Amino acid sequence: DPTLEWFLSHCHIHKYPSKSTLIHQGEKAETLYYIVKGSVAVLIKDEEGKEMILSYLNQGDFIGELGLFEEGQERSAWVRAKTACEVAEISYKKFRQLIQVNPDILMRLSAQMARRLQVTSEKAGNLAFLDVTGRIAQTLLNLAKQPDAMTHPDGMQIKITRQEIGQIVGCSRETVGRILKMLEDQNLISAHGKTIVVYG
């Protein structure tokens, strides 16, 4: 991948342990990132710091792109390493020079913006159409259809903490706890184990 490697030679590259914060919402946006290895969560918060994950981003993903096309913008979200990460960074100013040399690097970036918009639009859809019970139910169902969902004699089973579920739908761990109990008692799932079984 000649264009990528060229792009990266113009970056500086650093390692970040899991749980460390790469981007703080509200900071001035002046640099672009690219994930060389690992995974990050893109997070927003309510006024009391309850979190919602807008996306996971993985190796090959650009981050910090949204301040690129107009000066004076702030980071729109927190971005937090979910595993140990290797992350390339480059100033918007140097990136813009790179685009002049070869606009393919802009194509790649824009393709990812367009995917993100489709996915975030779909999520806003579910947030409008579903209450917190439906959100959690549709999350568990989505997760059971993932390539990594394990077969179970009674349906599919998943590994996912209550806090992670809470991050997906933007509710507390305890709210998740209560609604999982309700869904168990409605005979839709079982969560009495260290994992979750979605029936059917």
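One rule holds for the numbers: they count along the sequence shown, beginning at 1.
When the two stretches 153-161 and 58-66 are set side by side, the higher mean Cα temperature factor goes to 153-161.
Of the two stretches examined, 83-91 and 109-117, the record assigns the greater average C-alpha temperature factor to 83-91. Across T175, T31, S39, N142, the entry's maximum B-factor at the CA atom is seen for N142. Comparing C-alpha B-factors across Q25, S190, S20, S9 in the deposited entry, the largest value falls on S190. Ranked against the other modelled residues of its chain, the C-alpha B-factor of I99 as given in the entry falls in the middle third. Ranked by C-alpha B-factor against the other modelled residues of its chain, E74 falls in the middle third. In the PDB entry, a CA B factor belonging to the highest third of its chain's modelled residues is recorded for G49. When all modelled residues of the chain are sorted by CA temperature factor, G134 is found within the middle third. Per the PDB record, residue ranking by Cα B-factor puts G166 in the lowest third of the chain.
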